[PDB]
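Engineer: Sharing an experimental structure here, sequence included.
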Amino acid sequence: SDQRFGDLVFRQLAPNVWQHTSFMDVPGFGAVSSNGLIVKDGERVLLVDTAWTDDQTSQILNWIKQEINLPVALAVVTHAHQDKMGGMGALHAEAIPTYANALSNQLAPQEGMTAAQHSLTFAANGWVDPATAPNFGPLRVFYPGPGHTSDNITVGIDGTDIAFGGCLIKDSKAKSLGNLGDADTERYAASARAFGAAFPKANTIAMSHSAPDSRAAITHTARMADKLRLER
Ligand SMILES: [Zn+2]
Ligand SMILES: [Zn+2]
């Protein structure tokens, strides 16, 4: 099912939903992959994350024009890390409206990243403000709280069984919580469970550093963060 296109891999998770995977050689971590989503919303395309680099992101757009042949109406990025906003200049070069958490845009220059042109705000219940996320269609953006970072957001797709956890959620067989450098060890547990409650009917949990998994990935991440909470 994994379709190869250039330096990336593409997999169809559902009708109108695809997963794009880019690879990067972290020096002390081997060849680490990162996943994003491509959503066909009627006559337009919605992108849920970029690749590691500008070059890999332009390969994503070339795949969209090749396979779907529809304009990319908007692009959301889940937090300010290389695997998520590394291809921001590639999306801005094609005049694609980019959206991110307001904190992610404040943090992007601190890590050498191009901030998104629009900033998302959120209500007290973690859901995105409709004034900041216009015409998102099926995209349901949810802020579960500080976890993997302090700005990580999640996205769900209506009409589908799919909810995207980004780097907050790891697969049910993960032996660790991944990159904990920018993590909130206290709220990670409650944030992982908040993401599971925001999308209760989503049994296909997609994430950045793992293949799509069931909802056991949510509880396994929460239990892992439960022990991380008491170790700090
Ligand atoms: Zn990250
Ligand atoms: Zn990541």
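Structural biologist: Thanks, I have it. Residues are numbered from 1 along each chain as shown. Ligands and ions are numbered 1, 2, ... in the order given.
Engineer: okay, CA-based contacts and neighbour counts for the rest of this
Structural biologist: OK.
Engineer: where do the strands sit along this protein?
Structural biologist: 3-5, 8-14, 17-26, 30-41, 44-47, 72-76, 98-101, 118-120, 139-142, 154-157, 162-164, 204-206 (DSSP state E).
Engineer: which of the ones you listed is buried the deepest?
Structural biologist: Mean neighbour count (mean count of other C-alpha atoms under 10 Å) peaks for strand 162-164 among the strands of the chain, with a mean of 27.
Engineer: distance between that one and the chain's centre?
Structural biologist: 9 Å (C-alpha atoms, centre = their mean, to the nearest Å).
Engineer: Spell out, range by range, the helices that occur in this protein.
Structural biologist: Per DSSP state H, the chain carries helices over the ranges 54-67, 82-85, 88-93, 102-107, 188-198, 216-230.
Engineer: Looking at the ones you listed, spot the one closest to residue 159.
Structural biologist: helix 188-198 (15.0 Å; C-alpha to C-alpha).
Engineer: Mind giving me the packing neighbours of the closest one?
Structural biologist: When contacts are defined as 3 or more C-alpha pairs under 8 Å, 6 or more residues apart in numbering; DSSP states H and E, helix 188-198 sits against helix 216-230.
Engineer: buried residues in the helix it packs on?
Structural biologist: The neighbour-count check on helix 216-230 (16 or more other C-alpha atoms under 10 Å) flags 217-226, 228-229 as buried.
Engineer: the inter-axis angle of it versus helix 188-198?
Structural biologist: 150 degrees (axes from the mean of the first three to the mean of the last three C-alpha atoms, to 10 degrees).
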